[PDB]
Each structure stands twice: as C-alpha cells, then as structure tokens.
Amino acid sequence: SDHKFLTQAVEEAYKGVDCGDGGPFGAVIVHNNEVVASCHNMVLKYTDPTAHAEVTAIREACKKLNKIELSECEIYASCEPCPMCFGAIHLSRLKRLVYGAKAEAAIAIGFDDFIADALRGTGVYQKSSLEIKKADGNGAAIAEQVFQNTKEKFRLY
C-alpha cells in the first residue's frame, strides 16, 4: 500500500506539471487506506509560493475532515518535504511520512538547496517525533525519475 500511495503522489507530480499548475511535486494524504487528499504543487496556479504539494494536501485534508489535526492520517510525498512543508506536517500532527525522492534529486534539476534538518535528524531547535520512511527500490526509482522526465517541462520557482 505504501507503493500504491507513493505512486499516486508521483502521478500527481506529473499531472501538475502537465497542466502548468506548478512544479513536479505531489502529495497524497490517507486515513488508513482511504485517500483523504491527493494534490500537487499549485504555486503557479494560485500565485502562492506556499502552495507546495504537501501544504496543499494538508489544507485539503483538514477541510475534508473538518479539523486542524490529522493524527490518524499518513502523508506520501513524491519528494522529500522542504523545511516549510516539513514544519506544516509537524503542525498538522500527521503520524507518518513516506517520501520518494531525496531532496538532492530536485536540486539536480534546478530547485533551491533547501533541506529540512528536522527530517534528516540534524535539527537542534526543531525535533520531529513522527515516523519517517524514505522509499527504496521501485518507489525510489519512480520518484527519482520524475525529475529527469519533467526537466524543462515547467517553469522553475
């Protein structure tokens, strides 16, 4: 099921790039095995630099469930969440994060070197408690491939 929902987050990344909504990033939020939100980056569509895939998914999930905490939910991110997104995941109280590509994969095609210490376990003032899984094998291959496949199919930001 991890592979199914991570692959859906990657699909979201491709769709968002395809329609010009934003960059190649997707996020899926699930309650057990029911998708509560499925989103991609909306920075260009919304004229909103906070509208990353993960933030968008968190907003949509909180609306869908009518509350500001998602402690029964897990999030799948096609790419390692940035410091803004990882902070949002902390505030939302999501209980588990599974992510596909390491941040360096996005850096390699032109995005900011902008990495969350709290996710990598090097934070001093910010310490995470949630369970974090970096995908391997086929999930990692798919997630990494996103950046080579979508290179110069969108406008960087």
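Between two forms, the rigid core is the largest collection of C-alphas that superpose within 1.5 Å. Each residue number is its position in the shown sequence, starting from 1.
- After a core fit, the C-alpha atoms in 8 other deposited structures of this protein lie farther on average from the shown form in one of 12-20 and 144-152, namely 144-152.
- Comparing 102-110 with 36-44, the higher mean C-alpha B-factor in the PDB entry belongs to 102-110.
- Checked against the record, the higher mean CA B factor of 120-128 and 92-100 lies with 120-128.
- Residue-level temperature factors show residue 135 in the highest third of its chain, judged at the C-alpha atom.
- Residue 144: CA B factor lies in the middle third for its chain, per the PDB record.
- Compared with the other modelled residues of the chain, the Cα B-factor recorded for residue 74 ranks in the middle third.
- Ranked by C-alpha B-factor against the other modelled residues of its chain, residue 59 falls in the lowest third.
- Among all modelled residues in its chain, residue 31 ranks in the highest third by Cα B-factor.
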